[PDB]
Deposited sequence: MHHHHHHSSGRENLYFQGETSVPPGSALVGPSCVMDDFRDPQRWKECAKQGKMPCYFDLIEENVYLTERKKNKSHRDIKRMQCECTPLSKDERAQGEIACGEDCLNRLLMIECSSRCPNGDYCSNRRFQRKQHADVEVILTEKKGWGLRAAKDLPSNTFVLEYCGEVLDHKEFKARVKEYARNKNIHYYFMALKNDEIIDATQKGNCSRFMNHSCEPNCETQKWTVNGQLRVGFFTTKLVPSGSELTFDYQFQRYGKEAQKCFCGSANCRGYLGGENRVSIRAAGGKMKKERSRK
């Protein structure tokens, strides 16, 4: 019933207004890139203008970068035509945040999304496994229902609880239709959601949310459903 679009979140005044009549999620800090505490060229042959004209893919599936899960930079053999800079160009799919029967807010496809399609970056604060643990107990002491945690690399856990983006409304499903993929962008590892199937317009977007220890009941609906979240 109550949905909103990506751009609803860029006005804090308007949003906190919609927050008070439950037509938008609880407020948080919207970010495009990741917060921290401190922290090599493509090899495809160029396409012509003749080949740009029929829309044939620049740095498509045969690209040494793409295949190592490393995004091109500005100085790539296809430059602007290069299609393997999806993170940097924020080439996100069309998604609305929706309200789910029992899961809190969720994410649905506003159009048909083909398989292996960049949905969004999971952005947030990047913590070392000390900070993260302090935070887990801080949040358990706060009795926060929801949990916005994810491992990135050894001693690097991304926490969207306070600061983050609409990727954090992605819900679990024991039979999902997206997966995480870890990508390098200027030698900084980044993590985005990518579709694993042909999600129809209107359908909820879901992944296999894996995490440590009150194990939460799972309402994914799916047949052959674990029954609880975790691992």
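No C-alpha positions are given for the deposited-sequence stretches 1-29, 69-80, 255-257, 276-295.
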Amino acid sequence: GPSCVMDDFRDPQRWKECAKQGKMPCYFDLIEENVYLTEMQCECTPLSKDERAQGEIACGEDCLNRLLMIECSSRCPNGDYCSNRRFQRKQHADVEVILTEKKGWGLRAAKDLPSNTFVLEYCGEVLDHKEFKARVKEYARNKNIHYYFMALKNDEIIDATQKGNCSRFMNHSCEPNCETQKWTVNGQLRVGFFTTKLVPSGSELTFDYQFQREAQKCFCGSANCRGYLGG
From here on, numbers count along this sequence of modelled residues.
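Take the two forms, find the largest set of C-alpha atoms that superpose within 1.5 Å, and that set is the rigid core.
Fitting each structure in 9 other deposited structures of this protein onto the rigid core and averaging C-alpha distances over structures and residues, 30-38 emerges as the more displaced of 30-38 and 172-180. Superposition on the core shows that, in 9 other deposited structures of this protein, the C-alpha atoms drift more in one of 108-116 and 148-156; this is 148-156. Two stretches are in play, 172-180 and 54-62, and the higher mean C-alpha B-factor belongs to 54-62. Stretches compared: 30-38, 45-53. Higher mean C-alpha B-factor in the entry: 45-53. Across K103, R141, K90, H146, the entry's maximum B-factor at the CA atom is seen for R141. Ranked against the other modelled residues of its chain, the C-alpha B-factor of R108 as given in the entry falls in the middle third.
Per-chain ranking of the deposited C-alpha B factor places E156 in the middle third. The entry lists a Cα temperature factor for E121 that places it in the lowest third of the chain's modelled residues.
Ranked against the other modelled residues of its chain, the C-alpha B-factor of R85 as given in the entry falls in the lowest third.
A19: CA B factor in the middle third of modelled residues in this chain (values from the PDB entry).
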